[PDB]
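Peer 1: My structure is in start.txt, and what it holds is compact mmCIF, C-alpha atoms and all ligand atoms:
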```
# COMPACT_ATOMS: atom_id res chain seq x y z
CA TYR A 1 6.96 -3.59 15.42
CA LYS A 2 5.68 -1.15 12.82
CA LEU A 3 2.13 -1.08 11.48
CA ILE A 4 2.04 1.41 8.60
CA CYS A 5 -1.48 2.21 7.48
CA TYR A 6 -2.65 3.99 4.36
CA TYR A 7 -5.59 6.39 4.13
CA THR A 8 -6.67 7.62 0.71
CA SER A 9 -7.99 11.12 -0.10
CA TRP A 10 -10.69 9.98 -2.44
CA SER A 11 -12.37 7.68 0.08
CA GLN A 12 -14.35 10.68 1.26
CA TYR A 13 -16.56 10.83 -1.80
CA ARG A 14 -18.06 7.37 -1.31
CA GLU A 15 -21.73 7.30 -0.46
CA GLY A 16 -23.38 6.39 2.82
CA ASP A 17 -21.28 4.33 5.20
CA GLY A 18 -18.63 4.10 2.54
CA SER A 19 -17.60 7.67 3.26
CA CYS A 20 -14.36 7.82 5.24
CA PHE A 21 -12.55 10.78 6.77
CA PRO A 22 -9.26 10.87 8.77
CA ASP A 23 -11.78 11.39 11.50
CA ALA A 24 -12.71 7.70 11.36
CA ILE A 25 -9.25 6.49 12.36
CA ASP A 26 -8.43 4.83 15.64
CA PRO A 27 -5.44 6.99 16.54
CA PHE A 28 -4.01 4.14 18.64
CA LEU A 29 -4.59 1.55 15.92
CA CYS A 30 -1.49 2.11 13.81
CA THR A 31 1.97 3.49 14.37
CA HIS A 32 2.19 5.25 11.01
CA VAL A 33 -0.65 6.58 8.90
CA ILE A 34 0.19 7.59 5.34
CA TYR A 35 -2.12 10.22 3.77
CA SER A 36 -2.44 9.08 0.21
CA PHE A 37 -1.09 11.03 -2.68
CA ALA A 38 0.16 14.50 -2.61
CA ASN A 39 1.22 15.82 -5.96
CA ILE A 40 3.70 17.79 -8.00
CA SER A 41 3.08 21.08 -9.80
CA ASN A 42 5.90 23.15 -11.22
CA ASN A 43 8.39 20.62 -9.92
CA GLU A 44 7.06 21.22 -6.43
CA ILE A 45 5.03 19.05 -4.06
CA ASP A 46 1.45 20.22 -3.88
CA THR A 47 -2.08 19.21 -2.86
CA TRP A 48 -4.57 17.13 -4.84
CA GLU A 49 -8.14 17.24 -3.56
CA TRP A 50 -9.34 20.79 -2.86
CA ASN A 51 -9.85 20.27 0.87
CA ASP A 52 -6.64 18.28 1.42
CA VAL A 53 -5.39 21.07 3.69
CA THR A 54 -8.41 20.39 5.85
CA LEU A 55 -8.19 16.59 5.93
CA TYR A 56 -4.45 17.02 6.50
CA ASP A 57 -5.33 18.84 9.70
CA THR A 58 -8.10 16.39 10.69
CA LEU A 59 -5.65 13.53 10.38
CA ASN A 60 -2.76 15.33 11.97
CA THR A 61 -4.84 16.15 15.05
CA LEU A 62 -5.10 12.47 16.02
CA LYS A 63 -1.60 12.94 17.29
CA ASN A 64 -3.21 14.95 19.99
CA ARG A 65 -4.66 11.81 21.45
CA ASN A 66 -1.68 9.56 20.80
CA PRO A 67 1.60 11.52 20.78
CA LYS A 68 3.64 8.58 19.55
CA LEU A 69 1.60 8.41 16.37
CA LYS A 70 3.49 9.53 13.30
CA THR A 71 2.00 10.51 9.95
CA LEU A 72 3.53 10.68 6.45
CA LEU A 73 2.45 12.16 3.13
CA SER A 74 2.83 10.02 0.06
CA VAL A 75 3.76 11.30 -3.43
CA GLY A 76 2.95 9.61 -6.72
CA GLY A 77 0.36 6.87 -6.68
CA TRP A 78 -1.51 5.11 -9.49
CA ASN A 79 -3.39 8.11 -10.89
CA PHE A 80 -0.01 9.83 -11.08
CA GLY A 81 1.69 9.13 -14.39
CA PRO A 82 5.06 7.44 -13.80
CA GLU A 83 6.39 9.31 -16.81
CA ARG A 84 5.88 12.47 -14.79
CA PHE A 85 8.01 11.11 -11.97
CA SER A 86 10.63 9.97 -14.44
CA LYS A 87 10.74 13.48 -15.91
CA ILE A 88 11.22 15.19 -12.56
CA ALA A 89 13.99 12.77 -11.55
CA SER A 90 16.23 12.93 -14.64
CA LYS A 91 16.98 16.65 -14.68
CA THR A 92 19.03 17.33 -11.58
CA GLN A 93 17.71 20.84 -12.02
CA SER A 94 14.06 19.87 -11.69
CA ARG A 95 14.79 17.24 -9.04
CA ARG A 96 16.45 19.64 -6.63
CA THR A 97 13.67 22.15 -7.11
CA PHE A 98 11.33 19.40 -5.91
CA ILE A 99 13.35 18.13 -2.98
CA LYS A 100 14.01 21.57 -1.52
CA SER A 101 10.27 22.12 -1.71
CA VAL A 102 9.25 19.21 0.50
CA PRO A 103 10.36 20.01 4.05
CA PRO A 104 8.44 23.31 4.25
CA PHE A 105 5.27 21.78 2.89
CA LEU A 106 5.59 18.98 5.42
CA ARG A 107 6.64 21.17 8.33
CA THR A 108 3.79 23.51 7.48
CA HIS A 109 1.10 20.83 7.39
CA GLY A 110 2.29 18.77 10.33
CA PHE A 111 3.63 15.59 8.70
CA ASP A 112 6.64 13.75 10.06
CA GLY A 113 7.87 12.50 6.71
CA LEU A 114 7.37 11.89 2.99
CA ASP A 115 6.52 8.62 1.25
CA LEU A 116 7.66 7.87 -2.31
CA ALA A 117 5.02 5.98 -4.27
CA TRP A 118 6.61 6.34 -7.70
CA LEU A 119 4.63 3.46 -9.09
CA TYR A 120 7.09 1.28 -10.99
CA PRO A 121 10.25 2.87 -12.31
CA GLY A 122 11.75 1.77 -15.58
CA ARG A 123 15.01 0.11 -16.47
CA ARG A 124 15.90 3.61 -17.59
CA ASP A 125 14.95 5.07 -14.19
CA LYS A 126 16.89 3.02 -11.61
CA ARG A 127 19.87 5.37 -11.70
CA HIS A 128 17.77 8.44 -10.94
CA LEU A 129 15.53 6.84 -8.32
CA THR A 130 18.67 6.25 -6.33
CA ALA A 131 19.66 9.86 -6.90
CA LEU A 132 16.24 11.08 -5.78
CA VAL A 133 16.35 8.99 -2.64
CA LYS A 134 19.99 9.69 -1.82
CA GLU A 135 19.57 13.41 -2.31
CA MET A 136 16.14 13.72 -0.68
CA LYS A 137 17.41 11.96 2.44
CA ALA A 138 20.37 14.33 2.41
CA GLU A 139 18.15 17.40 2.28
CA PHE A 140 16.20 15.96 5.17
CA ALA A 141 19.25 15.46 7.44
CA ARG A 142 20.49 18.92 6.71
CA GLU A 143 17.14 20.32 7.66
CA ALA A 144 17.35 18.56 11.05
CA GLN A 145 20.24 20.91 11.80
CA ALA A 146 17.59 23.54 12.36
CA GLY A 147 17.15 21.92 15.74
CA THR A 148 14.06 19.91 14.99
CA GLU A 149 13.15 16.21 14.61
CA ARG A 150 14.42 14.81 11.29
CA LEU A 151 11.77 13.95 8.71
CA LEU A 152 11.15 10.34 7.68
CA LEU A 153 11.73 9.07 4.15
CA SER A 154 10.11 5.85 2.98
CA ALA A 155 9.01 4.21 -0.28
CA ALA A 156 6.35 1.93 -1.70
CA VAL A 157 8.18 -0.70 -3.73
CA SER A 158 7.00 -3.39 -6.13
CA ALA A 159 7.32 -7.02 -5.14
CA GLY A 160 7.70 -8.37 -8.66
CA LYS A 161 11.15 -9.85 -9.28
CA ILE A 162 11.35 -8.51 -12.80
CA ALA A 163 9.88 -5.21 -11.65
CA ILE A 164 12.47 -5.06 -8.95
CA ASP A 165 15.37 -6.15 -11.15
CA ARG A 166 14.27 -3.68 -13.80
CA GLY A 167 14.22 -0.41 -11.87
CA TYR A 168 15.33 -0.68 -8.26
CA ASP A 169 18.79 -0.43 -6.76
CA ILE A 170 17.74 -2.03 -3.47
CA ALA A 171 21.25 -2.34 -2.02
CA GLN A 172 21.47 1.42 -2.46
CA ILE A 173 18.17 2.91 -1.44
CA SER A 174 18.06 0.48 1.48
CA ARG A 175 20.68 2.57 3.20
CA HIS A 176 18.88 5.89 2.70
CA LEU A 177 15.27 4.91 3.32
CA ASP A 178 13.78 4.71 6.81
CA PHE A 179 11.62 1.78 5.73
CA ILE A 180 10.55 -0.07 2.57
CA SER A 181 6.96 -1.06 1.93
CA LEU A 182 6.66 -4.19 -0.19
CA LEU A 183 3.59 -4.14 -2.42
CA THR A 184 2.95 -7.77 -1.75
CA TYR A 185 -0.55 -8.01 -3.11
CA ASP A 186 -0.42 -7.12 -6.79
CA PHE A 187 0.68 -10.59 -7.81
CA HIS A 188 -2.06 -11.94 -10.05
CA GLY A 189 -1.65 -10.58 -13.58
CA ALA A 190 -4.14 -7.97 -14.66
CA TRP A 191 -3.06 -9.09 -18.14
CA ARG A 192 -4.38 -12.65 -18.45
CA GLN A 193 -7.73 -14.39 -18.34
CA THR A 194 -7.73 -16.80 -15.42
CA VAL A 195 -8.89 -17.09 -11.87
CA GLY A 196 -5.93 -16.49 -9.57
CA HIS A 197 -5.07 -15.06 -6.16
CA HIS A 198 -3.46 -11.63 -6.07
CA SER A 199 -1.85 -11.90 -2.62
CA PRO A 200 -0.81 -15.52 -2.07
CA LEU A 201 1.44 -16.08 0.92
CA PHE A 202 3.16 -19.14 -0.39
CA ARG A 203 4.39 -20.53 -3.72
CA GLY A 204 1.65 -23.11 -3.78
CA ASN A 205 3.09 -26.62 -4.10
CA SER A 206 0.84 -27.08 -7.16
CA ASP A 207 1.88 -24.66 -9.95
CA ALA A 208 5.39 -24.77 -11.50
CA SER A 209 5.81 -21.44 -13.35
CA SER A 210 5.78 -18.03 -11.65
CA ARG A 212 7.07 -19.05 -8.24
CA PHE A 213 8.15 -15.43 -8.10
CA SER A 214 4.55 -14.46 -7.40
CA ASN A 215 3.89 -14.69 -3.68
CA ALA A 216 4.85 -12.81 -0.52
CA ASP A 217 7.35 -15.47 0.58
CA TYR A 218 9.62 -15.13 -2.44
CA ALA A 219 9.30 -11.36 -2.47
CA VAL A 220 10.61 -11.03 1.10
CA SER A 221 13.29 -13.69 0.60
CA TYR A 222 14.39 -12.03 -2.62
CA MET A 223 14.52 -8.50 -1.15
CA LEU A 224 16.70 -9.82 1.63
CA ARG A 225 19.05 -11.39 -0.88
CA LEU A 226 19.36 -8.07 -2.77
CA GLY A 227 20.46 -6.43 0.49
CA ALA A 228 17.37 -4.86 2.02
CA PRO A 229 17.95 -5.10 5.78
CA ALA A 230 15.26 -7.17 7.46
CA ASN A 231 14.74 -4.34 9.94
CA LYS A 232 13.75 -1.93 7.15
CA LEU A 233 11.35 -4.22 5.31
CA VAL A 234 7.58 -3.93 5.68
CA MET A 235 5.21 -6.47 4.18
CA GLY A 236 2.17 -5.08 2.48
CA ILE A 237 -1.21 -6.57 3.34
CA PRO A 238 -4.27 -5.83 1.23
CA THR A 239 -7.51 -5.04 2.96
CA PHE A 240 -9.45 -5.48 -0.25
CA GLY A 241 -10.12 -8.21 -2.78
CA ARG A 242 -10.09 -8.71 -6.50
CA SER A 243 -13.34 -9.73 -8.19
CA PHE A 244 -13.66 -11.57 -11.50
CA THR A 245 -16.58 -12.30 -13.83
CA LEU A 246 -16.34 -16.02 -14.50
CA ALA A 247 -16.68 -17.12 -18.14
CA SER A 248 -17.63 -20.74 -17.38
CA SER A 249 -19.21 -22.85 -14.67
CA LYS A 250 -15.62 -23.62 -13.67
CA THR A 251 -14.95 -22.30 -10.16
CA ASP A 252 -11.73 -24.17 -9.27
CA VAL A 253 -8.14 -23.13 -9.89
CA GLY A 254 -7.37 -21.88 -13.39
CA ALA A 255 -11.03 -21.43 -14.43
CA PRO A 256 -11.86 -19.01 -17.33
CA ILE A 257 -12.48 -15.32 -16.83
CA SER A 258 -14.47 -13.04 -19.12
CA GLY A 259 -13.56 -9.95 -17.11
CA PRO A 260 -13.46 -7.91 -13.86
CA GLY A 261 -16.27 -8.59 -11.47
CA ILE A 262 -19.06 -6.05 -11.06
CA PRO A 263 -18.51 -2.96 -8.90
CA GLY A 264 -19.33 -2.59 -5.23
CA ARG A 265 -22.23 -0.54 -3.87
CA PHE A 266 -19.85 1.97 -2.30
CA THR A 267 -16.55 1.18 -3.96
CA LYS A 268 -17.91 1.52 -7.51
CA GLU A 269 -14.92 0.15 -9.47
CA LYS A 270 -14.42 -3.05 -11.51
CA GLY A 271 -12.37 -5.87 -10.08
CA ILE A 272 -12.06 -4.20 -6.67
CA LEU A 273 -14.01 -4.80 -3.50
CA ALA A 274 -13.57 -3.32 -0.08
CA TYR A 275 -13.38 -5.84 2.80
CA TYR A 276 -16.65 -4.61 4.24
CA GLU A 277 -18.31 -4.97 0.85
CA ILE A 278 -16.80 -8.42 0.66
CA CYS A 279 -18.37 -9.09 4.01
CA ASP A 280 -21.85 -8.59 2.65
CA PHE A 281 -20.92 -10.55 -0.48
CA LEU A 282 -19.98 -13.71 1.46
CA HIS A 283 -23.61 -14.36 2.44
CA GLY A 284 -24.73 -17.06 0.02
CA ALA A 285 -21.27 -17.52 -1.39
CA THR A 286 -19.24 -20.71 -1.23
CA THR A 287 -16.02 -20.07 0.69
CA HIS A 288 -12.85 -21.78 -0.51
CA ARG A 289 -9.25 -21.57 0.67
CA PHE A 290 -5.99 -22.58 -1.03
CA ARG A 291 -4.07 -24.66 1.52
CA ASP A 292 -0.76 -24.20 -0.27
CA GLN A 293 -1.01 -20.40 -0.49
CA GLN A 294 -3.03 -19.99 2.70
CA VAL A 295 -5.56 -17.53 1.32
CA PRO A 296 -9.29 -17.55 0.69
CA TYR A 297 -11.62 -16.90 -2.25
CA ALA A 298 -15.37 -16.77 -2.65
CA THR A 299 -17.68 -17.43 -5.58
CA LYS A 300 -21.33 -16.53 -5.93
CA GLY A 301 -23.16 -16.85 -9.24
CA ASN A 302 -20.75 -15.86 -12.01
CA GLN A 303 -18.70 -13.83 -9.52
CA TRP A 304 -15.33 -15.08 -8.27
CA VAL A 305 -13.47 -13.19 -5.55
CA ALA A 306 -9.94 -13.61 -4.14
CA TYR A 307 -9.47 -11.82 -0.82
CA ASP A 308 -8.02 -11.79 2.70
CA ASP A 309 -9.70 -12.48 6.01
CA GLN A 310 -8.76 -12.30 9.69
CA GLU A 311 -7.01 -15.62 9.45
CA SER A 312 -5.18 -15.16 6.16
CA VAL A 313 -4.04 -11.82 7.44
CA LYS A 314 -2.93 -13.32 10.77
CA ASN A 315 -0.71 -15.81 8.99
CA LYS A 316 1.26 -13.22 7.09
CA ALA A 317 1.53 -11.23 10.28
CA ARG A 318 3.18 -14.28 11.85
CA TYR A 319 5.36 -14.91 8.77
CA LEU A 320 6.40 -11.28 8.82
CA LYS A 321 7.64 -11.90 12.36
CA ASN A 322 9.39 -15.22 11.82
CA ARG A 323 11.77 -13.72 9.28
CA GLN A 324 12.08 -10.79 11.68
CA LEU A 325 10.92 -7.92 9.49
CA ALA A 326 10.19 -4.43 10.74
CA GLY A 327 6.45 -4.83 10.59
CA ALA A 328 3.37 -4.62 8.40
CA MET A 329 1.78 -2.28 5.86
CA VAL A 330 -1.96 -2.25 5.37
CA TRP A 331 -3.33 -0.78 2.17
CA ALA A 332 -6.25 1.48 2.87
CA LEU A 333 -7.89 1.72 6.28
CA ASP A 334 -10.84 3.02 4.34
CA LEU A 335 -11.20 -0.39 2.69
CA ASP A 336 -11.24 -2.25 6.00
CA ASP A 337 -14.49 -2.24 7.91
CA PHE A 338 -13.72 1.11 9.54
CA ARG A 339 -17.26 1.63 10.68
CA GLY A 340 -17.24 -1.96 11.82
CA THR A 341 -20.90 -2.56 11.10
CA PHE A 342 -20.57 -4.81 8.02
CA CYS A 343 -18.73 -7.95 9.18
CA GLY A 344 -20.73 -9.60 11.92
CA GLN A 345 -18.61 -8.92 15.00
CA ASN A 346 -19.02 -5.42 16.41
CA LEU A 347 -15.33 -4.82 15.82
CA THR A 348 -14.00 -1.80 13.93
CA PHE A 349 -11.03 -2.37 11.59
CA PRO A 350 -11.19 -6.19 11.89
CA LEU A 351 -8.38 -7.03 9.49
CA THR A 352 -6.03 -4.35 10.76
CA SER A 353 -6.76 -5.42 14.33
CA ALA A 354 -5.76 -8.94 13.36
CA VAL A 355 -2.43 -7.83 11.96
CA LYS A 356 -1.99 -5.77 15.14
CA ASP A 357 -3.04 -8.46 17.58
CA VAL A 358 -0.33 -10.84 16.20
CA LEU A 359 2.33 -8.14 16.13
CA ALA A 360 1.48 -7.30 19.72
CA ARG A 361 1.57 -10.74 21.32
CA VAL A 362 5.36 -10.61 20.92
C1 LIG A 401 -1.28 17.78 -9.85
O1 LIG A 401 -0.24 18.45 -10.54
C2 LIG A 401 -0.20 18.09 -11.92
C3 LIG A 401 0.97 18.68 -12.69
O2 LIG A 401 0.93 20.06 -12.64
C4 LIG A 401 -1.49 18.56 -12.59
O3 LIG A 401 -1.41 18.39 -14.02
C5 LIG A 401 -1.68 19.12 -15.25
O4 LIG A 401 -2.80 19.93 -15.26
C6 LIG A 401 -2.89 20.84 -16.32
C7 LIG A 401 -4.33 21.42 -16.26
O5 LIG A 401 -5.33 20.48 -15.90
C8 LIG A 401 -2.48 20.27 -17.69
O6 LIG A 401 -2.54 21.34 -18.60
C9 LIG A 401 -1.09 19.64 -17.66
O7 LIG A 401 -0.80 18.97 -18.87
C10 LIG A 401 -1.01 18.60 -16.55
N1 LIG A 401 0.35 18.19 -16.31
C11 LIG A 401 0.58 17.00 -15.78
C12 LIG A 401 1.99 16.62 -15.37
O8 LIG A 401 -0.38 16.23 -15.65
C13 LIG A 401 -2.74 18.03 -11.88
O9 LIG A 401 -3.90 18.70 -12.33
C14 LIG A 401 -2.60 18.30 -10.39
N2 LIG A 401 -3.71 17.64 -9.75
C15 LIG A 401 -4.75 18.21 -9.17
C16 LIG A 401 -5.78 17.30 -8.58
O10 LIG A 401 -4.86 19.43 -9.09
```
As structure tokens, how would this structure be written, given the file I've shared?
Peer 2:
Amino acid sequence: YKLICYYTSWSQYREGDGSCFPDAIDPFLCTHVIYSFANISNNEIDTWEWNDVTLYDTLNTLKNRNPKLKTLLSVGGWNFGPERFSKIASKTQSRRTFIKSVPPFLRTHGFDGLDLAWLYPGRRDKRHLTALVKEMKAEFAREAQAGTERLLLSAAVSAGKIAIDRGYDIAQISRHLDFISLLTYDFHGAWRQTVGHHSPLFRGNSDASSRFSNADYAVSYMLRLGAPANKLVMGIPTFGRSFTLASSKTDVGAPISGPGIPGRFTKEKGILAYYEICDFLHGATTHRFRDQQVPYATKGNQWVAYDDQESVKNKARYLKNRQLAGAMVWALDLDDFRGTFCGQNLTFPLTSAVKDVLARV
């Protein structure tokens, strides 16, 4: 079983206990740690935060304590215009330039693979994504000829049917990628006003339309399209989405005037780290959708949909019953890495959970 874990570059700038460096990672915790978001300059992979070279090294040293640990560098991301990706992938000329540039950069900095986070390709991009993947993987194999371990190639994929149908050639890329991470937590629409859970596990025997929005269908659908079950990886959020209620209505479908207030350390609207969410719970009424098997809290005019040890454990089990490769946890910096916020003196509670289940069989 695989437990891919993401670490983001910008989680170093948070204040106080919110500050997180590669340093803070249990090297034995995960099996794959993805440093989050390299970049592209002059059609070539490049750094992002000034000290990346340093964090790179801090993170890559963990392998000194656990030799079987593997690390990957991810390209793209949210703050990386998808148009930019699209532009690099259409001109075979600029695409090659990029590909050929990766191995060295990786080899140089100690990574064991690259991770494509081209965040949502267009209907006009499917054809080139495939190209990018097919060619990149090719470059990688050729490089292995040099007598060294072959680099890993993976990709962060959307779990939205339409999204998937629009720009992904699953049956294709499935054969070139080492593993596919399903973004199974961006389900609730950032477009419409209404309380809703972003990472439901199940369809929810109560709401007709949009049965395509839940982990269960995502996985099932991917499998239909051809993705081998042994290459799939279910994404598990370690954060929660906050909403500013617009009425005393707290139950399903209640009004929403906007994104909840920021977090003391997270400082961003609609997003809360698990550890922040831990503090929040105090004096908050905890609810849990039986049908979707996920929890949400409400305090004052604040409504929060999130995941806990038990919601997370479920998915972990699901993940295993369909026999998938393993799990993907978004941001170890969002989990209680210090472990001093959520009661129990445990560090990385949520991730542990996912691990514990994956390890008892
Ligand atoms: C990552 O690389 C991109 C692309 O080169 C950088 O983007 C540009 O930066 C310059 C100067 O700020 C602008 O004139 C260009 O219009 C930008 N191009 C693109 C594609 O955005 C970006 O600055 C780099 N990131 C960091 C953190 O250095």
Peer 1: Between chain A and ligand LIG 401 (chain A), at 8 Å or less, what are the per-residue closest atom pairs and their distances in Å? Count all atoms listed in the file, order by chain and rising residue number, and return it as JSON lines.
Peer 2:
```
{"residue": "A:39", "atom": "CA", "partner": "A:LIG401", "partner_atom": "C1", "distance": 5.0}
{"residue": "A:40", "atom": "CA", "partner": "A:LIG401", "partner_atom": "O1", "distance": 4.7}
{"residue": "A:41", "atom": "CA", "partner": "A:LIG401", "partner_atom": "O2", "distance": 3.7}
{"residue": "A:42", "atom": "CA", "partner": "A:LIG401", "partner_atom": "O2", "distance": 6.0}
{"residue": "A:43", "atom": "CA", "partner": "A:LIG401", "partner_atom": "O2", "distance": 8.0}
{"residue": "A:46", "atom": "CA", "partner": "A:LIG401", "partner_atom": "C1", "distance": 7.0}
{"residue": "A:47", "atom": "CA", "partner": "A:LIG401", "partner_atom": "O10", "distance": 6.8}
{"residue": "A:48", "atom": "CA", "partner": "A:LIG401", "partner_atom": "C16", "distance": 3.9}
{"residue": "A:49", "atom": "CA", "partner": "A:LIG401", "partner_atom": "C16", "distance": 5.5}
{"residue": "A:50", "atom": "CA", "partner": "A:LIG401", "partner_atom": "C16", "distance": 7.6}
{"residue": "A:80", "atom": "CA", "partner": "A:LIG401", "partner_atom": "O8", "distance": 7.9}
{"residue": "A:81", "atom": "CA", "partner": "A:LIG401", "partner_atom": "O8", "distance": 7.5}
{"residue": "A:84", "atom": "CA", "partner": "A:LIG401", "partner_atom": "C12", "distance": 5.7}
```
Peer 1: From the list A:162, A:317, A:195, A:29, which residue is nearest residue 256 of chain A when using only C-alpha atoms?
Peer 2: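 Under the stated criterion, the closest residue is A:195.
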Peer 1: Of the candidates A:305, A:157, A:358, A:132, which shows the shortest atom-to-atom distance to residue 285 of chain A, using all atoms listed in the file?
Peer 2: A:305
Peer 1: So what do you get for atom CA of residue 115 of chain A versus atom CA of residue 94 of chain A, distance-wise?
Peer 2: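 According to the coordinates, atom CA of residue 115 of chain A and atom CA of residue 94 of chain A are separated by 18.7 Å.
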Peer 1: With distances taken over all atoms listed in the file, which of A:342, A:281, A:105, A:218 is nearest to residue 323 of chain A?
Peer 2: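 Distance minimum relative to residue 323 of chain A lands on A:218.
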Peer 1: Measuring between only C-alpha atoms, which one of A:299, A:148, A:315, A:245 shows the shortest distance to residue 217 of chain A?
Peer 2: A:315
Peer 1: What gap, in Å, lies between atom CA of residue 90 of chain A and atom CA of residue 126 of chain A?
Peer 2: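 Here the two named atoms are 10.4 Å from each other.
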Peer 1: From the options A:130, A:19, A:158, A:243, which residue's atoms come nearest to residue 176 of chain A, counting only C-alpha atoms?
Peer 2: A:130
Peer 1: Would you pick out the contacts of segment 180-193 of chain A at 6 Å or less, using only C-alpha atoms, so that residues sharing its chain but fewer than 5 positions from it are not included, and give the list as a VMD selection string?
Peer 2: chain A and resid 154 to 159 198 to 199 214 216 232 to 236 257
Peer 1: Which neighbours of segment 261-263 of chain A fall inside 12 Å, counting all atoms listed in the file, when residues of the same chain fewer than 4 positions from it are skipped, and could you give them as a ChimeraX atom specification?
Peer 2: /A:195,241-247,257,267-274,277-278,281,299-306
Peer 1: Between atom CA of residue 124 of chain A and atom CA of residue 210 of chain A, what is the distance, to one decimal in Å?
Peer 2: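 These two atoms are separated by 24.6 Å.
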Peer 1: Leaving out residue 27 of chain A and any residue of its chain fewer than 4 positions from it, which residues lie within 7 Å of it when counting only C-alpha atoms, given as number ranges by chain?
Peer 2: A: 62, 65-66
Peer 1: Between A:3, A:93, A:113, A:64, which has the minimum distance to residue 320 of chain A (counting only C-alpha atoms)?
Peer 2: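 Nearest to residue 320 of chain A: A:3.
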Peer 1: What lies within 9 Å of residue 86 of chain A using all atoms listed in the file, ignoring chain neighbours under 6 positions off, as a short mmCIF file (atom, residue, chain, number, x, y, z; two decimals) with C-alpha atoms, in the coordinates of the input?
Peer 2:
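Dumped everything to result.cif:
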```
data_model
loop_
_atom_site.label_atom_id
_atom_site.label_comp_id
_atom_site.auth_asym_id
_atom_site.auth_seq_id
_atom_site.Cartn_x
_atom_site.Cartn_y
_atom_site.Cartn_z
CA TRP A 118 6.61 6.34 -7.70
CA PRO A 121 10.25 2.87 -12.31
CA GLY A 122 11.75 1.77 -15.58
CA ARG A 124 15.90 3.61 -17.59
CA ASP A 125 14.95 5.07 -14.19
CA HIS A 128 17.77 8.44 -10.94
CA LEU A 129 15.53 6.84 -8.32
#
```
Peer 1: If the box runs along x, y and z of the file and leaves 3 Å on each side of segment 13-22 of chain A, what are its centre and edge lengths in Å, one decimal, as AutoDock Vina command-line options?
Peer 2:
```
--center_x -16.3 --center_y 7.5 --center_z 3.5 --size_x 20.1 --size_y 12.8 --size_z 16.6
```
Peer 1: Dump as a ChimeraX atom specification all residues having an atom at most 6 Å from (1.8, 13.9, -4.3), computed in the file's coordinates with only C-alpha atoms.
Peer 2: /A:37-40,74-76
Peer 1: Taking the point (-6.7, 13.5, 0.9) as given in the file, collect each protein or nucleic acid residue that comes within 9 Å of it, counting only C-alpha atoms, and present the set as a VMD selection string.
Peer 2: chain A and resid 7 to 12 21 to 22 35 to 38 47 to 56
